[PDB]
Ligand SMILES: COc1ccc(C(=O)Nc2c(Cl)cncc2Cl)cc1OC1CCCC1
Ligand SMILES: [Mg+2]
Ligand SMILES: [Zn+2]
């Protein structure tokens with residue numbers, strides 16, 4: 001059909017920063033995660049490498065995508081697809097050519113796909129403050145991130161969903177550990193330590209990059225997926241602005257729930273006292289730029305255009321304040 005033709009055209013940009021992910025979400029019948037993951041697996045020849053039956057891959061992806069919430073403005077299947085695609089581009093950076101094994105690549109992409117599954121659209125702190133079942137289950141420690149992993153892995157046990165059925169026991173064990181390490185590293189409470197470790201690696205860099213032990217390799221993959229998670233402000237402005245609209249809607253809905261419960265409204269969650277532009281500038285200045293500038297240093301000069309875009313977008317948001 002004409003719609004499938006346009007979808008195919010948009011997917012030709014799967015290896016490019018700035019893919020039209022929202023268009024792909026609409027054109028695919030709200031299956032951005034499934035089609036983008038399928039496309040990336042085909043591009044990297046992962047189905048052949050790991051003997052993943054095509055029908056099994058699609059069944060699992062659709063099932064996984066179904067577990068992202070349709071009514072959460074930001075932490076939905078589009079965000080998952082975007083992080084998957086951004087990770088895919090970061091993995092292809094020239095400075096990392098031939099550094100990671102096929103299993104490591106698979107782990108990073110799979111981790112990206114499941115990293116926010118079944119997100120309720122409220123933060124770890126909200127879950128902790130409201131004595132939620134999730135916080136009680138996970139003892140207030142990386143509550144959501146533990147849950148995303150539990151769901152992502154559990155779904156593999158559904159009928160015709162085990163995409164790792166042909167991996168060896170050793171490969172399955174290794175992949176499981178890497179995926180857990182990567183998704184737990186997406187908790188923002190770990191951001192400062194992750195960044196500190198990334199800077200230490202840049203300072204002791206040996207060169208393409210030379211990573212010999214699990215600690216260094218996993219650290220890079222953790223930071224890579226974390227960069228993808230924090231990549232919105234580095235994308236072309238039309239995409240960035242949509243991500244900002246969505247995160248603010250989600251935050252405002254949390255603030256509304258907090259207000260209904262008589263709780264104090266969390267930072268940036270009060271629709272009656274918000275500064276969207278100032279908040280984006282602060283977000284870039286204190287979190288996004290420090291991380292991306294460090295990533296850019298590790299893979300210099302591969303990420304120069306991404307960092308330039310980030311800086312341009314920071315200047316644009318800042319210009320709307322006066
Ligand atoms: C497009 O703007 C934003 C996008 C993403 C996030 C953000 O914190 N994402 C995130 C969250 Cl909410 C939790 N764990 C990890 C990540 Cl990366 C935060 C954003 O803006 C901040 C939050 C509200 C205003 C500043
Ligand atoms: Mg998350
Ligand atoms: Zn995320």
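We number each residue from 1, going along the chain as drawn.
Note: Cβ is positioned from N, Cα and C throughout, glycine not excepted.
Over in Swiss-Prot, the protein carries these features:
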- 75: active site, proton donor (ACT_SITE)
- 75, 116, 229, 232, 280, 283: AMP binding site (BINDING)
- 75, 280, 283: 3',5'-cyclic AMP binding site (BINDING)
- 79, 115, 116, 229: Zn(2+) 1 binding site (BINDING)
- 116: Mn(2+) binding site (BINDING)
- 116: Zn(2+) 2 binding site (BINDING)
- 116: Mg(2+) binding site (BINDING)
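Distribution of Swiss-Prot features across the structure.
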{"residue": "75", "record": "active site, proton donor", "DSSP class": "coil"}
{"residue": "115", "record": "Zn(2+) 1 binding site", "DSSP class": "coil"}
{"residue": "229", "record": "AMP binding site", "DSSP class": "helix"}
{"residue": "280", "record": "AMP binding site", "DSSP class": "helix"}
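Taken in sequence order, the binding-site residues 232, 280, 283 that lie near ligand 3, meaning a CB under 6 Å from one of its atoms, form an empty set. Taking only the Cα positions, the spacing between the residue listed as 'active site, proton donor' and residue 283 (AMP binding site) is 18 angstrom. Between the CA atoms of residue 229 (AMP binding site) and residue 79 (Zn(2+) 1 binding site) there is a gap of 8 Å. Among the binding-site residues 116, 280, 283, the ones whose Cα sits within 10 Å of the Cα of residue 79 (Zn(2+) 1 binding site) are 116. For the recorded Zn(2+) 1 site, residues 79, 115, 116, 229 set the reference point as the centre of their Cβ atoms, and the other residues of that chain within 8 Å of it by Cβ are 75, 80, 83, 112, 119, 148, 186.
Listed in sequence order, 233 are the same-chain residues at least 6 apart in sequence whose CB falls under 8 Å from the CB of residue 283 (AMP binding site). Annotated pair residue 232 (AMP binding site) and residue 115 (Zn(2+) 1 binding site), C-alpha to C-alpha distance, rounded: 16 Å. Geometry remark: residue 280 (AMP binding site) versus residue 115 (Zn(2+) 1 binding site), CA distance 23 Å.
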